[PDB]
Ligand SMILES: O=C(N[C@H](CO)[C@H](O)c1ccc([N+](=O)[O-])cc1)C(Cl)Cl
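A single chain, nothing else alongside it, follows as structure tokens in the form deposited without chloramphenicol.
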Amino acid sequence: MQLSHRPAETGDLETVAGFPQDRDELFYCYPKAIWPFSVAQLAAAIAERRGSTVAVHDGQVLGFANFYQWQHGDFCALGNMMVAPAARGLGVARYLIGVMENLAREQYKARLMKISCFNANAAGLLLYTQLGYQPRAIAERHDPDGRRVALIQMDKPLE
């Protein structure tokens, strides 16, 4: 992958909003969203968040992420991590996580990145582990069906 990145733009929203393929994928990346996902839901997140970034390869937006929490000199928390269904497992998430780590360090002076990952998302848990994130706590949350899920709260120092 020759990958690049830039801030998210209005024109990207329809593409990015197409990434979650089912209600599980949507919950894992945006638990407050309601299925079906929409550009309006995506735009609302962007508005209340920081750092919304896309990853681009060969003219295609393949990934998106942002911060749902940010505390200058302290940390950021990565949110809305979405990857195009045709580009899963190819390094887009790894790439964007690296981008977001740099952004947290440089723009927020963060010492730590937090990532919270739902228990059912094994692929996320494994990736973040491979990227040097360590599990710190488990919180109870509830899915759209009112079922109890475990949110695994991980972090990583940035340097």
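Residues carry their position along the shown sequence, with the first being 1.
Keep in mind the form deposited with chloramphenicol bound is missing from the figure; the text below concerns it.
Although the partner is absent here, residue 28 lies within 4.5 Å of chloramphenicol in the deposited bound form, judged by heavy atoms. In the deposited bound form, at least one heavy atom of residue 121 sits within 4.5 Å of a heavy atom of chloramphenicol. Of the heavy atoms in residue 72, none are within 4.5 Å of chloramphenicol in the deposited bound form. Among residues of the shown chain, residue 44 is one whose heavy atoms approach chloramphenicol to within 4.5 Å in the deposited bound form. For the stretch 69 to 105, the set of residues having any non-hydrogen atom within 4.5 angstroms of chloramphenicol in the deposited bound form comprises 81, 82, 83, 88, 93, in sequence order.
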